[PDB]
Amino acid sequence: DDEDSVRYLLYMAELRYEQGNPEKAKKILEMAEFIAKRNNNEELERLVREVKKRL
């Protein structure tokens, strides 16, 4: 239900941050946040902000 698509994007933003690319990680995070806030699941947006605490 598109929830996996947010988890996929979140993992990518961590990798791009891990590889030392801060700009791409924010962009994938912006895309992951757009979809998450348009999903009916509230845990999805909780995970997004949690990942934002890691970046």
# chains A, B, ... in the order shown; residues from 1 in each chain; ligands from 1
$ residues_around --residues "residue 14 (chain A)" --least-positions-apart "3" --cutoff "12 Å" --atoms "only C-alpha atoms" --output "PyMOL selection string"
chain A and resi 7-11+17-29+32+48+50-55
$ atom_distance --atom1 "CA of residue 3 (chain A)" --atom2 "CA of residue 44 (chain A)"
6.9 Å
$ select_by_dssp --residues "chain A" --states "alpha helix (DSSP H)" --output "JSON, numbers by chain"
{"A": [3, 4, 5, 6, 7, 8, 9, 10, 11, 12, 13, 14, 15, 16, 17, 18, 22, 23, 24, 25, 26, 27, 28, 29, 30, 31, 32, 33, 34, 35, 36, 37, 42, 43, 44, 45, 46, 47, 48, 49, 50, 51, 52, 53, 54]}
$ residues_around --residues "residue 35 (chain A)" --least-positions-apart "5" --cutoff "9 Å" --atoms "only C-alpha atoms" --output "PyMOL selection string"
chain A and resi 2-3+5-6+30
$ write_last_selection --atoms "N, CA, C and O atoms" --output "PDB file, in the first residue's frame"
ATOM      1  N   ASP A   2       1.923   1.219  -0.817  1.00  0.00           N
ATOM      2  CA  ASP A   2       2.884   2.306  -0.989  1.00  0.00           C
ATOM      3  C   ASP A   2       3.754   2.504   0.246  1.00  0.00           C
ATOM      4  O   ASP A   2       4.698   3.302   0.223  1.00  0.00           O
ATOM      5  N   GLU A   3       3.451   1.781   1.326  1.00  0.00           N
ATOM      6  CA  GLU A   3       4.272   1.875   2.527  1.00  0.00           C
ATOM      7  C   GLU A   3       5.693   1.403   2.253  1.00  0.00           C
ATOM      8  O   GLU A   3       6.661   2.010   2.727  1.00  0.00           O
ATOM      9  N   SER A   5       7.270   1.597  -0.537  1.00  0.00           N
ATOM     10  CA  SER A   5       7.939   2.623  -1.329  1.00  0.00           C
ATOM     11  C   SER A   5       8.577   3.687  -0.447  1.00  0.00           C
ATOM     12  O   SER A   5       9.624   4.241  -0.801  1.00  0.00           O
ATOM     13  N   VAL A   6       7.964   3.988   0.698  1.00  0.00           N
ATOM     14  CA  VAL A   6       8.559   4.948   1.621  1.00  0.00           C
ATOM     15  C   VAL A   6       9.761   4.333   2.329  1.00  0.00           C
ATOM     16  O   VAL A   6      10.798   4.984   2.496  1.00  0.00           O
ATOM     17  N   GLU A  30      12.790  14.288   0.909  1.00  0.00           N
ATOM     18  CA  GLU A  30      11.642  15.099   0.517  1.00  0.00           C
ATOM     19  C   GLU A  30      10.613  14.263  -0.228  1.00  0.00           C
ATOM     20  O   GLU A  30       9.410  14.362   0.037  1.00  0.00           O
TER      21      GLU A  30
END
